[PDB]
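Below: one protein chain in two forms, given as structure tokens, structure 1 then structure 2.
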Structure 1
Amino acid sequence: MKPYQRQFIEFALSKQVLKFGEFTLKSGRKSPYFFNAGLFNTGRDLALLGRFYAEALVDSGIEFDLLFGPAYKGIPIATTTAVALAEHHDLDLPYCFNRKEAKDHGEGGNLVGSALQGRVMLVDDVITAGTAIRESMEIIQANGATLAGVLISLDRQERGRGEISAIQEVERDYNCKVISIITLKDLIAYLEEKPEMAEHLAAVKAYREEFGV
């Protein structure tokens, strides 16, 4: 993996976003690890998070005109990623996010920020079943914009309800590329680096054997 990807795993572990134990996922599966991006819940965590998103985005080489974050979890992510693109990559990008219902006052509709136009980069944390993307895609399409990509923190690389993963479902359903800062493959690689992580390594590898794509 690239250095920033190893650093991102180290960051997620340090802020207790990446945890090990016995978790029940939205699907009902029992997983030995869980990535709870909601625990990036301080200003330093947000600052670094945006920097890691921005690095992954620039690394991908995908061209885009605007960053969109879905209400609610996407709003801080899009904000900090936009800041980091300006502060650390000499890129001053429009951002946008939605409100779940229109205000009484004014004609802003359901959008906040810049006009929703051009090639949109959608930011998200972890795709489980694609619902936040679906709501977002309906908004992107209704505004005449296109989806340049979806940028997420972690691709768990595991089956959805059927044969393909949730990320592969989004890629097919919305005909797009999903960019991830890290994957399950990267997590497994990181866990090979120190003997203290060997129990977690075995558990995560067993999970991949059962559910990985």
Structure 2
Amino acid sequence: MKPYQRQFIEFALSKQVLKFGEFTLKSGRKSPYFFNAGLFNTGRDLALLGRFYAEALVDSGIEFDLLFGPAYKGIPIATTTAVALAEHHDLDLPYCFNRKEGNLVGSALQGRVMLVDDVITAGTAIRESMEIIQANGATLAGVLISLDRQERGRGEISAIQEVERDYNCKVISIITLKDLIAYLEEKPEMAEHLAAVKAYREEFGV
């Protein structure tokens, strides 16, 4: 994996954003790991989070004109990613976000939009933000999230896979389940988690 991906995992771990154990997801699924970006709640967390998102964004090579952050979770993320791009990548990009109720804040919603969010659970918000992006004649360049759980949804494919299908766009993620596994495989003391995770992947993966 890329250094920034490894750093993200270790940073998420230190902040208890990523926890290895046994947790019950809101789907009855017993997962051996939990991710909650909502725990990145201080200035330094935000600063670094913004750096990681910016890294994944620029590394993807996807062309976009503005960053859109869905209310409410997407707002601080879009904000920090925007400042990170400006300060560490010399890219001054327009940002925008909506009011849940004009219901828009920031620059004019125009061009190729890069939607920024934490995670795609059911795709609901994505589908909602999309009605807005389309309503303004803007197009979806891609979606940028923290972690791609790479696990089946209610059907055959995963939520990320549904979003990409329905919108002919790419979903970029800082890390995926494969990255977590690769990381665990290096930590001997994590053997139990590695077994649990790999087991979980076999049952609900891709």
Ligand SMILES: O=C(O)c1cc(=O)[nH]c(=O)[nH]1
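Note that the rigid core is defined as the largest set of C-alphas that superpose within 1.5 Å between two forms. Reference numbering: structure 1, starting with residue 1.
A.B. asks: Mark the structure, either 1 or 2, that is the form deposited with the ligand bound.
C.D. replies: Answer to the question: structure 1 is the form deposited with the ligand bound, whereas structure 2 comes from elsewhere.
A.B. asks: After superposing on the rigid core, what is the C-alpha displacement of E22 between structure 1 and structure 2, in Å?
C.D. replies: That residue's C-alpha sits 2.3 Å away in the other form.
A.B. asks: Would you look up how far the C-alpha of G118 moves between structure 1 and structure 2 when the rigid core is overlaid, in angstrom?
C.D. replies: With the cores aligned, its C-alpha sits 0.2 Å away.
A.B. asks: Core superposed first, then measure: what is the displacement of the CA of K194 between structure 1 and structure 2, in Å?
C.D. replies: The shift comes out to 1.3 Å.
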